[PDB]
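Just so you know, residue 1 is the first one in the sequence shown, and it goes up from there. All values below were derived from every heavy atom in this structure, side-chain atoms included, with hydrogens, water molecules and symmetry-related copies excluded.
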Amino acid sequence: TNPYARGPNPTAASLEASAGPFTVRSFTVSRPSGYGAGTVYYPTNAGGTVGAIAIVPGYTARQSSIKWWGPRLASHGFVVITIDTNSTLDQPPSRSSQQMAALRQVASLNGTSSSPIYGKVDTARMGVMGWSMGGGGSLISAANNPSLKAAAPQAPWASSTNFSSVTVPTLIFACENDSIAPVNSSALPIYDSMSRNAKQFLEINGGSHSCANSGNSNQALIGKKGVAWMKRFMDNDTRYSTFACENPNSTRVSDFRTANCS
């Protein structure tokens, strides 16, 4: 039996809905330690401790841009922290440091009896997500912390696209018509540089740079893929092997690539 499997068996319908089976509560972090601000989302009665995911917005952006991931992921059995950075002008290496600090504070809250998530988190199982420079920062987190169990950046941007050292399972959401972090010079060279890991590249047809942000028009597919990827690799949950690794065969996807994903 898989000790990390949580919740009912998935269907395409359950993964495409705006919320999963679990009830989600949230709270603002009272004293952020090492980053600007944070909101934690958590499920009630997931059936065991769950992994934690830290999500970082892009250059000049705040939590509102990535906030929809919080309730979406937590409702399927994750604790999620969405953060604001110390400055909206922080670059990806600094975003990575703040992302890891947010995960460390989630671990601390898990050991704090007055906290709503007291005892709810498996601090050995962590993932990273983020948009644009925050997605670049997630890849830097993964490169520097191979104990992380999964990464799912969206429209990532980094100064160097060489992430050949990454051993973390990494899903890259890309936006076909991105003119900010163009796919051909950012998301795709990043994907092409990783030969050591399970990985996937999912380009949103006709998408601009914000195609996976809060309020996007592809929340059913993007949310399905994000949840499936995190379930498959943070929980080792082979019930999600097909959802995590499959080509969605969808007109919303202009380019699909995957490697080491059976």
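Expressed to the nearest 0.5 Å, how far CG of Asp122 lies from CE of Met234 amounts to 8.5 Å. Here CE of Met133 is found 10.5 Å from CD1 of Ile180. Values are rounded to the nearest 0.5 Å. Expressed to the nearest 0.5 Å, how far CE of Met126 lies from CE of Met100 amounts to 7.0 Å. Here the CD1 atom belonging to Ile55 is positioned 9.0 Å from the OH atom belonging to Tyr41, to the nearest 0.5 angstrom. Here CZ of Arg232 is found 6.5 Å from SG of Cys245. Values are rounded to the nearest 0.5 Å. How far CD1 of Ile140 is from CD of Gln91: 9.5 Å, rounded to the nearest 0.5 Å.
Taking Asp255 as the reference, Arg257 meet the salt bridge (charged side-chain N to carboxylate O under 4.0 Å, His left out) condition, with sequence neighbours excluded. Under the ring-ring contact (aromatic ring centres under 6.0 Å, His included) criterion, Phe233 pairs with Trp229, sequence neighbours left out. With sequence neighbours excluded, the residues forming a side chain to side chain donor-acceptor pair (under 3.5 Å) with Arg25 are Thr44, listed by chain and number. Every side chain to side chain donor-acceptor pair (under 3.5 Å) that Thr39 has, sequence neighbours left out, goes to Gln63. Applying the ring-ring contact (aromatic ring centres under 6.0 Å, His included) test to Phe22 and every residue at least two apart in sequence or in another chain returns nothing.
Between the side chain of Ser214 and the backbone N or O of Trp68, at least one donor-acceptor pair lies under 3.5 Å. When atom types are taken as modelled, the side chain of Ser193 and the backbone of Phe163 share a donor-acceptor pair closer than 3.5 angstrom. Side chain of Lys231 to main chain of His76: a donor-acceptor pair is present (N/O by atom type, distance under 3.5 Å, no hydrogens or angles). Judged by distance alone, with hydrogens and angles left aside, the side-chain atoms of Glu203 form no donor-acceptor pair with the main-chain N or O of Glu176 at under 3.5 Å. Here the side chain of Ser14 pairs no donor or acceptor atom with the backbone of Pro10 at under 3.5 angstrom. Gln99 places a side-chain N or O within 3.5 Å of a backbone atom of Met129 that can act as its donor or acceptor partner. Between the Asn145 side chain and the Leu148 main chain, no donor and acceptor come within less than 3.5 Å of each other. In this structure, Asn218 contributes its side chain and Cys211 its backbone to no donor-acceptor pair below 3.5 Å. Checking side-chain atoms of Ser87 against main-chain N and O of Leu89 turns up a donor-acceptor pair under 3.5 Å. At distances below 3.5 Å, not a single donor-acceptor pair connects side-chain atoms of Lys199 with backbone N or O atoms of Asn260.
Inter-residue side-chain proximity for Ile83 and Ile81 is flagged as met; some heavy-atom pair is nearer than 4.5 Å. Side-chain contact between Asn205 and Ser250: absent, with no pair of heavy atoms (C-beta onward) separated by less than 4.5 Å. Looking at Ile53 and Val79, their side chains never come closer than 4.5 Å, going by heavy atoms from C-beta outward. Put simply, the side chain of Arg6 reaches to within 4.5 Å of the side chain of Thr49, judged on heavy atoms. The shortest distance between side-chain heavy atoms of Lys225 and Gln200 falls below 4.5 Å. Within the 4.5 Å cutoff, the side chain of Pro57 has heavy atoms near those of the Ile66 side chain. Side-chain contact check for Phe243 versus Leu15: some heavy-atom pair is nearer than 4.5 Å. Contact check for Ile190 versus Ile172: side-chain heavy atoms found under the 4.5 Å cut-off.
Within a 6.0 Å radius of CZ in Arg252, other residues, nucleotides and ligands contribute 12 heavy atoms or fewer.
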Fill in: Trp131 vs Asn213, side chain to side chain contact (heavy atoms under 4.5 Å, CB included): CA-CA, chis, key distance, verdict
CA-CA 8 Å; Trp131 170 48; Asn213 292 4; 3.2 Å; yes
Discussion item. What verdict does the side chain to side chain contact (heavy atoms under 4.5 Å, CB included) test give for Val168 and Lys149, after you've listed the backbone C-alpha separation in whole Å, the side-chain angles of each residue and the deciding distance to 0.1 Å?
Written reply: CA-CA 6 Å; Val168 175; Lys149 295 312 185 211; over 6 Å; no
Worksheet item: Can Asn236 and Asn2 be said to form a side chain to side chain contact (heavy atoms under 4.5 Å, CB included), step by step?
Response: CA-CA 8 Å; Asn236 309 316; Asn2 178 355; 4.1 Å; yes
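Summarising the geometry of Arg72 relative to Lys224, their closest heavy-atom pair is NH2-N, 3.4 Å, with the distance given to 0.1 Å. Between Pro156 and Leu139, the shortest heavy-atom distance links the atoms CB-CD1, 3.9 Å. Listed here is the closest heavy atom pair of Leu73 and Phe78: O-CD1, 3.3 Å. Counting all heavy atoms, side chain and backbone alike, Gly206 lies closest to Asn177 at CA-ND2, 3.3 Å. Here the closest non-hydrogen pair linking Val128 and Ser138 is CG2-O, 3.5 Å. Of all heavy-atom pairs between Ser96 and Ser141, the closest is OG-OG, 2.7 Å.
Partner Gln98 forms a side chain to side chain donor-acceptor pair (under 3.5 Å) with one of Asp84, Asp90, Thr85 and no other, that one being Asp90. A ring-ring contact (aromatic ring centres under 6.0 Å, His included) with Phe201 holds for exactly one of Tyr191, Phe173, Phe256; it is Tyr191.
The side chain to side chain donor-acceptor pair (under 3.5 Å) contacts involving residues 155-169 comprise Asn162-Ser164, where partners must be two or more places apart or lie in separate chains.
Residues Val121 and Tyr118 are members of separate hydrophobic clusters, defined by side-chain heavy-atom contacts under 4.5 angstrom among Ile, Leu, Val, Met, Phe, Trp and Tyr. Linking ILVMFWY residues whenever their side-chain heavy atoms come closer than 4.5 Å, directly or via other members, places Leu221 and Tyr240 in the same cluster. In this structure, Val80 is not a member of the same hydrophobic cluster as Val106, with clusters built from ILVMFWY side-chain heavy atoms closer than 4.5 Å.
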